[PDB]
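What follows is a short report on a single structure.
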Amino acid sequence: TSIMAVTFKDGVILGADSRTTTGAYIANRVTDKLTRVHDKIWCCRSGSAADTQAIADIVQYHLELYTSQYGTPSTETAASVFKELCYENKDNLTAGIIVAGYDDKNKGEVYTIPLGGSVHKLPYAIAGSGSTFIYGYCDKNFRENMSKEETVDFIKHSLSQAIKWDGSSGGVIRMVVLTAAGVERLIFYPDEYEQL
Amino acid sequence: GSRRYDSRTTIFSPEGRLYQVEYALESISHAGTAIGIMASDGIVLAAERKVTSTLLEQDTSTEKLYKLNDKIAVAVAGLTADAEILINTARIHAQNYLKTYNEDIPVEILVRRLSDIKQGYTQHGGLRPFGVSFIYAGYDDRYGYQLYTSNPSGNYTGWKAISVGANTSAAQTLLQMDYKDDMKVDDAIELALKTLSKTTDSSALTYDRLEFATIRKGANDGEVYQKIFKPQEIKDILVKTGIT
Amino acid sequence: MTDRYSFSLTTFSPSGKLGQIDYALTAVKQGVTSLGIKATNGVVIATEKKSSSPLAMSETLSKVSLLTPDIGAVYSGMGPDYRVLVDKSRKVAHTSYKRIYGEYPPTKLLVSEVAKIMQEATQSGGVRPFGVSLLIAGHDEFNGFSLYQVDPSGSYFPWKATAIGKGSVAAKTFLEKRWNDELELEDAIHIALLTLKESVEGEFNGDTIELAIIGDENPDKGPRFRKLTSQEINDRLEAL
Amino acid sequence: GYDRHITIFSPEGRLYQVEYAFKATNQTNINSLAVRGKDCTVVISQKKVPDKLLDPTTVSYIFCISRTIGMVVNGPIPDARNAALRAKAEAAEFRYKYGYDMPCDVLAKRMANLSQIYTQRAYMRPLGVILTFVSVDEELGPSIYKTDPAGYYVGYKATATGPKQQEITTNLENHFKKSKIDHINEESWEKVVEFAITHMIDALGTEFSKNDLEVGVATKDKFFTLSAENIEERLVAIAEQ
Amino acid sequence: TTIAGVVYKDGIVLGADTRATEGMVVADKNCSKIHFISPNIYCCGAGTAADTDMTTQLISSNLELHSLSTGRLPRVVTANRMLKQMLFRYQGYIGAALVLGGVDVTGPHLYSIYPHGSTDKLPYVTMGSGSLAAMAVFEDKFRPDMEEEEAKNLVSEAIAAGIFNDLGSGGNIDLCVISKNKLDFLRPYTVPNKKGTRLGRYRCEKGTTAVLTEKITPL
Amino acid sequence: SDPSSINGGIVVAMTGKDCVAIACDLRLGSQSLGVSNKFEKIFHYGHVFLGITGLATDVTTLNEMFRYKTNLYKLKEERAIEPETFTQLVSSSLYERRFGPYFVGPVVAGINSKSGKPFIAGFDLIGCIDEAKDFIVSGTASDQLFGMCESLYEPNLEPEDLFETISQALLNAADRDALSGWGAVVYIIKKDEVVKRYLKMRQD
Amino acid sequence: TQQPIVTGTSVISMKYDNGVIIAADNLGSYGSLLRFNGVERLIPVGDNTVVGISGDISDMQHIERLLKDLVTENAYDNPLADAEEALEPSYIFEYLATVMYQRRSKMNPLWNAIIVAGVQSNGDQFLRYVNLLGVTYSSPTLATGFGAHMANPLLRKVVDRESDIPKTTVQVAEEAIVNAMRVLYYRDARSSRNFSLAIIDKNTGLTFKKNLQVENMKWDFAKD
Amino acid sequence: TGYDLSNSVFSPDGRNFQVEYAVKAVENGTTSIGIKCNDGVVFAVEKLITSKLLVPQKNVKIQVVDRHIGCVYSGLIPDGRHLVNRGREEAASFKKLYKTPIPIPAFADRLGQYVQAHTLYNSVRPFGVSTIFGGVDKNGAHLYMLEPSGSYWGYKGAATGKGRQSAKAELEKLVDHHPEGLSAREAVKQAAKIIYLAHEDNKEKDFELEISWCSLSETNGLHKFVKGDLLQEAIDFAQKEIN
Ligand SMILES: *[C@@H](CS(C)(=O)=O)[C@H](Cc1ccc(CN)cc1)NC(=O)[C@H](CC(C)C)NC(=O)[C@H](CC(C)C)NC(=O)c1cnccn1
Ligand SMILES: [Cl-]
Ligand SMILES: [Mg+2]
Ligand SMILES: [Mg+2]
Ligand SMILES: [Mg+2]
Ligand SMILES: [Mg+2]
């Protein structure tokens with residue numbers, strides 16, 4: 001798995017590969033690893049698919065119930081609910097989750113929750129098995145307040161490399177753009193990103 | 001708090017009686033008469049249904065006579081729903097005993113168990129007692145044929161012949177008059193029906209107002225057989241004994 | 001919050017009466033007339049859809065309920081109490097029966113389970129009895145067609161035909177005259193519509209009457225329970 | 001006479017605590033009304049802010065239960081909020097367990113089954129509220145379902161609740177007797193809200209300003225309440241024809 | 001076991017073989033692996049057969065009660081959730097590997113459910129020991145929005161691949177076609193292998209076996 | 001160590017024309033040591049027969065448990081349980097111990113009293129139903145029985161033809177298993193008579 | 001029982017004449033991966049205490065919340081929350097120490113080594129250590145993990161025993177701490193150049209210094 | 001009759017008399033008020049000096065919840081403390097899960113649902129306090145008042161206790177004469193005056209003024225007690241207005 005969330009001028013973009021493997025067998029080659037917990041709060045999932053799915057569903061429930069009572073939750077609040085589940089159940093979970101969301105007040109925000117259950121607020125975050133191969137690349141090429149087209153290219157190039165080197169990653173590059181304008185889903189096929 | 005509304009079902013009166021048991025017995029006195037008669041070669045259970053309309057489906061109906069296992073049956077007097085709770089508990093005790101010892105439960109042990117359950121409702125829990133009196137007809141290889149009764153107090157006693165429900169005073173005198181120790185099942189059948197025929201609050205005793213059963217060892221190779229009489233069979237035995 | 005009502009609210013009075021059961025039966029008496037008739041090749045159950053307002057959609061309020069594919073129930077008395085009995089009856093038919101034996105319970109046993117639930121409200125701590133009487137019609141392979149009544153006490157009786165609620169005394173007399181052991185299902189439906197007309201004041205049509213049957217299998221089996229449509233009732237009201 | 005203090009039967013076969021909970025229903029002296037359009041369900045309710053010290057924005061008897069379901073309450077606000085919080089919780093749990101949004105009628109039946117429990121169990125009192133649930137259900141379309149302290153519930157073509165409910169009910173009954181349809185034959189919810197308000201004015205015989213009303217609207221995939229200015233625009237359109 | 005499913009134009013086609021094995025031995029050559037959840041939803045089962053059977057039955061029972069209370073047909077997402085949340089709770093110890101397919105108010109849906117409680121939503125899936133053989137057929141020949149008789153052939157071809165190439169799979173091919181207008185439960189759809197014909201009669205003649213004692217009891 | 005093969009023994013059941021047959025060996029051992037040659041593994045609840053192989057304490061326990069359950073069934077239903085219904089009961093009962101199972105291999109056999117249809121079924125230790133028309137095998141020589149049954153069996157056998165088929169399947173399978181044999185019993189079950197025969201076999 | 005995942009390295013500290021100094025680098029290692037370069041591991045509590053934490057970062061973040069919550073709770077019905085009944089270093093420590101030992105005794109430890117540095121009401125220097133086992137000790141210099149092996153030897157040359165504390169000025173102590181942080185950066189493979197330092201003085205109060213860096217680095221001898 | 005002997009019993013009116021009897025205990029208590037200002041809220045309370053032996057400024061009545069909410073109440077003082085203890089648990093569990101400090105409307109319903117729960121059963125007594133509370137959250141300032149029934153609403157100004165009618169009249173004047181709004185420092189002065197004017201209903205014994213406030217500008221959105229010079233300035237303003 002190769003996943004990332006990147007803040008930019010107009011908000012934040014989440015990005016992910018689409019490969020799910022059982023050992024060397026690709027069980028699902030068109031996986032959707034970008035999952036929606038609220039209108040403009042999404043997460044990237046890595047680790048146990050059963051665990052990250054179970055967590056994401058519980059978070060969606062908590063934020064739905066939060067919204068019923070207290071209105072739209074902040075991205076920080078969503079990250080705190082993810083953290084609470086991951087940290088308190090650390091012994092029984094294998095989940096590495098990036099949380100990304102757009103407020104109008106705070107704009108784009110990215111929170112990463114690695115295996116421990118710790119929370120880290122970052123300008124961008126990378127995660128999953130394929131992330132190791134792009135720490136060098138991403139650190140050298142990331143700038144703050146990029147344009148939408150620059151951030152789409154930054155994620156596309158980064159995950160392209162993650163996919164190239166990691167066997168556990170592959171398939172299409174899905175992205176989810178979060179801005180004031182709304183929610184846009186993007187997809188990029190092998191024939192496009194491999195020739196970069 | 002809640003104390004205000006508590007009837008206090010498990011207390012003594014100043015005279016040393018349990019109010020609710022006494023009132024449950026009063027309830028049972030209005031229920032249809034049930035009679036048990038023990039002979040040397042079998043037991044008879046006879047019981048009178050109540051209210052009955054022409055539209056009541058009699059052949060699929062069971063309000064009085066129930067089967068606990070292959071050896072033991074009960075005649076009921078009181079709340080039928082309350083009886084069925086206790087009956088299913090008894091049916092389980094019999095199978096628990098069978099599972100544990102690989103032998104059929106002795107009649108008295110089953111009777112004590114049920115009677116101990118009834119007792120419990122009179123001493124603790126704050127619930128109303130079961131408004132039920134049972135006649136237990138049963139056989140085991142220790143005491144042979146046995147009749148017992150239990151009532152809401154949880155007291156049980158053994159009998160040669162006995163009635164419960166309505167007109168027990170009148171019924172028990174008529175049985176005490178015509179019962180004899182050497183009596184046989186066919187005679188006890190006749191005594192049971194004659195007693196009901198005189199103590200009934202109905203104008204006449206007919207097949208549709210009766211449930212009837214016999215526990216005979218009278219079977220091939222000395223084995224106990226329970227016979228719950230069908231509507232047509234009760235009608236035949238009423239003609240045989242000369243009541244209709 | 002302590003549920004401090006751990007003691008019976010139904011107790012024997014000096015006369016031997018269980019007050020709350022009698023009062024529950026009084027509530028059933030005030031309820032709208034429902035009836036059941038058993039034919040040779042089926043059973044019919046029927047009741048009036050007493051609409052609380054003309055703005056209310058009485059189609060949404062089902063007085064006649066499917067319990068299993070071959071068992072149906074109707075009531076007289078308090079609707080909300082009926083609804084929660086139907087929920088429990090449906091559930092108990094799965095938990096204590098279908099998940100064990102791989103088949104649906106026979107009519108008599110499901111009746112017995114409902115009766116048990118109603119008995120428990122008559123003796124358990126901190127509850128009133130149910131304020132309904134149920135008429136459960138059903139079919140099973142070894143017992144055939146059957147019709148049962150279940151009272152607030154937990155007592156149940158099998159019937160050839162009967163009625164409960166408002167005009168039950170008059171309706172039962174009407175049924176006693178008309179019933180015989182050679183009725184076909186259509187004859188029983190005809191008698192049910194006649195009997196029910198007596199107790200109904202206002203409009204008498206397929207929209208104000210609810211009527212279901214336990215009959216032939218409607219295409220492992222098909223379900224024998226079938227609720228008659230508004231149109232199917234009106235057709236039989238022209239031959240009335 | 002303790003048969004009047006808890007939920008047990010009186011000799012007549014009656015539950016007096018249920019009946020007295022129904023009387024608590026009108027203690028607010030507020031009338032609500034609900035109607036259905038083609039694409040929508042509109043609920044309107046009287047708003048009364050008697051104290052000048054009150055923040056009028058916090059005075060509301062309409063609740064957003066889920067995104068699709070709205071609930072207006074006739075009864076005192078503490079019981080209304082008790083019911084609201086539970087309905088919200090139930091709708092969230094439903095979506096989690098079964099993977100689709102709780103339908104309006106399924107919630108109504110659920111809240112009704114809870115209300116029934118208070119009428120049978122002695123330690124719990126009934127809530128002194130009538131709950132009118134509204135949505136545009138994805139299977140059944142525009143939906144109005146109402147629950148009361150008895151635990152009764154039923155679907156409605158339109159409904160009214162409160163002290164002057166009979167007047168509003170008959171007004172609505174008469175309109176649907178003319179049109180011979182189960183709904184307001186209107187494309188825009190804006191005009192269904194205008195209908196609702198107009199027919200309440202006629203029935204109650206009172207004019208309304210923007211601060212005397214409170215409006216909720218259910219559409220496909222969202223329920224929302226109107227602001228004072230949205231209602232004012234609605235009142236302007238009524239006056240101009 | 002080879003079970004598979006595809007989403008076609010009008011709905012869902014499910015497929016399964018019929019071999020039930022104990023170790024290396026075949027206990028049943030014609031067992032049913034396509035289970036009933038609701039009238040519009042079916043479930044192919046692989047993994048531990050007891051777990052597969054009881055899990056489908058429990059969720060089918062609970063959906064029946066759910067569907068009686070709501071009065072409307074159940075959805076595939078609710079079947080999926082109920083299976084998923086249960087399997088997850090038991091942390092993989094319930095070895096149920098399901099292909100769940102059905103048709104809703106919201107259209108046709110196909111899921112793969114794994115023992116640990118993960119689910120994928122897909123246009124085609126395969127599971128069991130013959131999943132790779134079956135998946136090869138789908139990667140070779142699948143396309144979206146197939147016609148019914150085409151999709152039937154593709155699934156049948158995918159199950160066949162499993163039957164022949166996987167030793168765990170065998171017997172007949174069962175299909176289940178689900179659309180808005182019908183449910184076709186085809187058992188068996190195909191009989192790809194004839195039962196082997198025996199050349200001799202080895203049955204013994206009466207009185208060949210040596211008896212000690214006998215007892216007859218009537219019923 | 002392996003609970004299913006401490007005590008040893010086998011059960012086989014077959015269908016015929018308007019009849020079923022179920023048969024078992026008589027051995028009970030502690031691995032190598034033979035202990036009892038009167039340990040029958042076939043029981044009956046009304047007209048439904050149940051063979052049980054495996055760990056003998058569980059064989060006994062389950063027999064006592066199904067007697068219990070079918071007795072209450074009969075009292076409540078007012079009729080004897082049928083094979084199809086009992087099979088489901090067995091499956092349920094086994095699966096409710098999913099994570100601490102009875103180490104057994106049950107086999108149902110009987111004729112449905114109403115339809116007259118011959119019925120057999122088998123289960124794994126956690127209650128998955130093998131629902132085969134031809135034959136069901138269980139125990140330490142199950143492989144041996146599978147081989148014997150597959151070659152000897154054919155459909156629609158008359159009761160005394162079927163007897164010879166099931167008997168030879170049992171005997172020859174048992175003689176290739178160390179932990180089976182020491183005697184054998186064969187029930188030939190028809191709609192309203194049951195013939196129980198004890199077989200003469202080698203006692204090693 | 002767990003295993004630490006994202007980790008912080010050495011926390012080092014010492015007493016001087018008027019107060020205490022504590023320091024810790026800004027790194028959150030993920031094994032050999034130097035993952036998070038902006039992690040603050042000195043967490044002040046009021047204006048008289050700084051809690052320095054090494055080990056598991058998720059467990060540190062939990063402890064951070066427990067201390068934040070402790071301040072809130074002490075303020076409740078406490079008119080002297082900013083005066084006589086404010087939280088003391090000794091109170092904050094004893095709480096943590098209780099927690100750490102309770103957690104180890106349930107076989108579910110907070111996977112940390114903590115140094116609570118502060119100044120008490122009466123001007124006394126407070127410096128005490130606690131770890132995942134509930135083991136507690138005090139000394140004129142304290143250091144966790146790696147710093148115990150390399151920092152303590154250097155810091156003990158400034159304050160070798162109790163009688164050296166009054167002789168040590170804040171400048172000497174701060175120099176020693178910063179020097180020690182350099183030595184750790186050369187030799188600790190899981191450390192970073194960027195660190196935070198905190199001085200808690202009885203006169204000048206709490207001084208918290210962020211974004212410090214190791215400098216004056218001798219590499220020139222490498223070329224040969 | 002007998003409908004007033006048990007909590008959670010509906011009278012034939014539809015009323016819960018035990019709740020209305022709890023209100024009588026509230027009406028019997030000392031005067032407490034709340035004033036919503038531009039960027040915050042101000043709370044003030046009348047503390048009756050029963051005796052000269054009471055230590056001045058020590059028996060504090062206003063309580064803080066979390067760091068941003070102030071609570072004050074009239075009636076049975078222990079019942080008010082019990083409710084605040086619960087509020088603190090609610091505010092803590094909210095922040096534990098959702099990270100952000102509890103919003104005031106969210107917090108208001110937490111108290112509301114709990115107080116309402118004590119009108120649902122005969123095994124508990126209703127709360128003998130009306131509670132005025134509020135603070136500053138992300139959506140600005142909020143003032144609430146919560147009655148024994150579980151009823152609560154948002155307020156511009158609020159008042160409860162024995163001097164509530166006197167206070168309410170004064171609060172209504174401020175609402176009319178300041179539609180653009182009242183400043184935090186103004187609201188502190190006005191709070192002092194209103195407690196002094198509302199003291200005519202408890203005029204037998206002399207009293208002690210206690211004021212607190214949250215304001216986005218004046219206290220950084222945190223609850224603080226008005227102490228020292230600012231308190232004395234408010235007392236002087238109040239003393240001048242009565243004379
Ligand atoms: C194929 C699944 S596979 C090997 O992973 O591809 C098949 C699926 C199946 C079979 C039958 C049904 C009927 N309900 C549904 C689905 N599963 C089997 O053949 C299993 C495979 C085992 C679990 C690996 N076999 C069994 O479950 C058998 C019992 C059957 C023959 C009645 N049980 C065991 O092998 C066994 C062994 N030890 C302990 C428990 N069970
Ligand atoms: Cl419910
Ligand atoms: Mg790759
Ligand atoms: Mg009550
Ligand atoms: Mg041998
Ligand atoms: Mg031997």
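Here, A, B, ... name the chains of the structure tokens in the order displayed, residue numbers run from 1 inside each chain, and ligands are numbered from 1 in the same displayed order.
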
Note to self: Taking only C-alpha atoms and all ligand atoms into account, which residues have an atom no farther than 7 Å from ligand 1? I'd like them as an MDAnalysis selection string.
What the structure shows: (chainID E and resid 1:2 19:23 27:28 31:33 45:50 52:53 128:130 168:169) or (chainID F and resid 123:126 128:130)

Check: If you count only C-alpha atoms and all ligand atoms, which residues end up within 9 Å of ligand 6, as a list in words?
Finding: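 Based on only C-alpha atoms and all ligand atoms, ligand 6 is surrounded within 9 Å by residues 27, 29, 32, 33, 34, 178, 179, 180, 181, 182, 203 and 204 of chain F.
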
Next item on the list: Would you please give, as a PyMOL selection string, all residues of region 6-100 of chain C that DSSP assigns to strand (DSSP E) based on the backbone?
Entry: chain C and resi 34-38+43-48+65-68+71-77

As a short mmCIF file (atom, residue, chain, number, x, y, z; two decimals) with N, CA and C atoms, in the first residue's frame, please: every protein or nucleic acid residue near ligand 4 (cut-off 10 Å, counting only C-alpha atoms and all ligand atoms).
data_model
loop_
_atom_site.label_atom_id
_atom_site.label_comp_id
_atom_site.auth_asym_id
_atom_site.auth_seq_id
_atom_site.Cartn_x
_atom_site.Cartn_y
_atom_site.Cartn_z
N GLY C 126 -43.11 -5.72 38.51
CA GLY C 126 -43.17 -4.38 37.90
C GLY C 126 -43.77 -4.21 36.52
N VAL C 127 -44.68 -5.11 36.15
CA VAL C 127 -45.39 -5.03 34.87
C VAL C 127 -46.89 -5.28 35.04
N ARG C 128 -47.66 -4.63 34.18
CA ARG C 128 -49.08 -4.92 34.02
C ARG C 128 -49.21 -6.00 32.95
N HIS D 5 -51.78 6.58 39.63
CA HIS D 5 -50.41 7.07 39.85
C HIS D 5 -49.35 6.37 39.01
N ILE D 6 -49.53 5.07 38.77
CA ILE D 6 -48.61 4.28 37.93
C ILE D 6 -49.35 3.70 36.73
N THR D 7 -48.61 3.10 35.80
CA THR D 7 -49.20 2.52 34.59
C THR D 7 -49.69 1.09 34.81
N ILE D 8 -50.80 0.99 35.54
CA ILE D 8 -51.59 -0.23 35.66
C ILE D 8 -53.05 0.07 35.31
N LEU D 15 -55.49 3.42 31.35
CA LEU D 15 -54.21 3.80 31.92
C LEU D 15 -54.20 5.31 32.07
N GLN D 17 -52.28 7.42 33.69
CA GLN D 17 -50.99 8.08 33.49
C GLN D 17 -50.66 8.33 32.02
N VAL D 18 -51.11 7.44 31.14
CA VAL D 18 -50.97 7.64 29.69
C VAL D 18 -51.84 8.81 29.25
N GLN D 116 -44.28 2.49 24.30
CA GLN D 116 -45.10 1.36 24.78
C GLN D 116 -44.54 0.78 26.08
N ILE D 117 -43.22 0.62 26.15
CA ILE D 117 -42.57 0.06 27.34
C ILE D 117 -42.88 0.89 28.60
N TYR D 118 -42.92 2.21 28.47
CA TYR D 118 -43.23 3.06 29.63
C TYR D 118 -44.71 2.89 30.11
N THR D 119 -45.59 2.49 29.19
CA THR D 119 -46.99 2.22 29.50
C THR D 119 -47.21 0.85 30.15
N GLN D 120 -46.24 -0.06 30.02
CA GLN D 120 -46.33 -1.41 30.64
C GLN D 120 -45.46 -1.59 31.90
N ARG D 121 -44.28 -0.97 31.91
CA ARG D 121 -43.36 -1.05 33.06
C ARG D 121 -43.61 0.11 34.02
N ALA D 122 -43.70 -0.20 35.31
CA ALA D 122 -44.19 0.76 36.31
C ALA D 122 -43.19 1.85 36.71
N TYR D 123 -41.90 1.52 36.73
CA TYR D 123 -40.87 2.46 37.21
C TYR D 123 -40.59 3.62 36.26
N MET D 124 -40.88 3.41 34.98
CA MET D 124 -40.72 4.42 33.93
C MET D 124 -42.06 5.15 33.73
N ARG D 125 -42.02 6.48 33.70
CA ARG D 125 -43.19 7.27 33.30
C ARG D 125 -43.21 7.41 31.78
N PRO D 126 -44.40 7.60 31.18
CA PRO D 126 -44.42 8.01 29.78
C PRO D 126 -43.81 9.40 29.60
N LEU D 127 -43.29 9.67 28.40
CA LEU D 127 -42.89 11.03 28.06
C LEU D 127 -44.14 11.80 27.65
N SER H 8 -42.23 11.90 39.33
CA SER H 8 -42.52 11.29 38.02
C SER H 8 -43.98 10.86 37.82
N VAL H 9 -44.89 11.34 38.68
CA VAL H 9 -46.32 11.06 38.54
C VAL H 9 -46.98 12.27 37.90
N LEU H 120 -37.92 11.25 35.88
CA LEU H 120 -38.44 10.06 35.18
C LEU H 120 -38.79 8.88 36.09
N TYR H 121 -38.40 8.97 37.37
CA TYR H 121 -38.53 7.85 38.32
C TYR H 121 -38.92 8.36 39.70
#

Ligand 2: which residues are within 7 Å, counting only C-alpha atoms and all ligand atoms? Reply as a PDB file with N, CA and C atoms, in the first residue's frame.
ATOM      1  N   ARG D 110     -39.798   2.429  16.137  1.00  0.00           N
ATOM      2  CA  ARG D 110     -38.813   2.192  17.195  1.00  0.00           C
ATOM      3  C   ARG D 110     -39.085   3.067  18.420  1.00  0.00           C
ATOM      4  N   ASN D 113     -42.295   1.824  20.061  1.00  0.00           N
ATOM      5  CA  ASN D 113     -42.064   0.618  20.867  1.00  0.00           C
ATOM      6  C   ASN D 113     -41.426   0.924  22.231  1.00  0.00           C
ATOM      7  N   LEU D 114     -40.575   1.953  22.262  1.00  0.00           N
ATOM      8  CA  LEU D 114     -40.018   2.491  23.514  1.00  0.00           C
ATOM      9  C   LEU D 114     -41.086   3.156  24.372  1.00  0.00           C
TER      10      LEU D 114
END

Checklist line | Per-residue DSSP, region 36-141 of chain D, filtered to alpha helix (DSSP H), as a PyMOL selection string | finding: chain D and resi 77-98+104-120

Next item on the list: Give the residues of chain D that lie within 7 Å of chain A; count only C-alpha atoms, and format the answer as a PyMOL selection string.
Entry: chain D and resi 64-66+88-89+92+96

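CA of residue 12 (chain D) is found 10.1 Å from CA of residue 29 (chain C).
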
Notebook entry, point to check: Taking only C-alpha atoms into account, what are the residues of chain D at most 10 Å from chain H, put as a PyMOL selection string?
Noted result: chain D and resi 1-2+4-7+16-27+51-60+76-82+85+122-128

Check: What residues in chain H have any atom no more than 10 Å from chain G when counting only C-alpha atoms, and can you write them as a PyMOL selection string?
Finding: chain H and resi 57-58+60-67+85+88+92+95-96+99+224-225

For the selection just defined, write its residues with C-alpha atoms to a file, as a JSON list (two decimals), in the first residue's frame.
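Written output follows (result.json):
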[["chain", "number", "residue", "atom", "x", "y", "z"],
["H", 57, "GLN", "CA", -14.47, 35.79, 50.37],
["H", 58, "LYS", "CA", -14.04, 32.13, 51.49],
["H", 60, "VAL", "CA", -17.29, 30.53, 47.18],
["H", 61, "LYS", "CA", -20.57, 29.73, 45.37],
["H", 62, "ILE", "CA", -19.75, 30.12, 41.65],
["H", 63, "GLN", "CA", -18.08, 27.00, 40.24],
["H", 64, "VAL", "CA", -15.92, 26.51, 37.15],
["H", 65, "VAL", "CA", -16.46, 23.62, 34.69],
["H", 66, "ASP", "CA", -13.55, 22.63, 32.44],
["H", 67, "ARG", "CA", -11.57, 25.93, 32.05],
["H", 85, "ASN", "CA", -19.63, 17.46, 39.52],
["H", 88, "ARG", "CA", -17.29, 18.20, 34.99],
["H", 92, "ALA", "CA", -14.08, 15.68, 30.66],
["H", 95, "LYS", "CA", -12.74, 16.49, 25.63],
["H", 96, "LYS", "CA", -11.18, 13.03, 26.10],
["H", 99, "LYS", "CA", -10.13, 16.78, 21.83],
["H", 224, "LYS", "CA", -12.02, 33.85, 36.00],
["H", 225, "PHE", "CA", -13.31, 35.33, 39.26]]

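Listed by chain and then residue number, the contacts of ligand 3 are residues 1, 17, 19, 130, 160, 161, 162, 163, 164, 165, 166, 167, 168, 169, 170 and 171 of chain A (distance at most 10 Å, using only C-alpha atoms and all ligand atoms).
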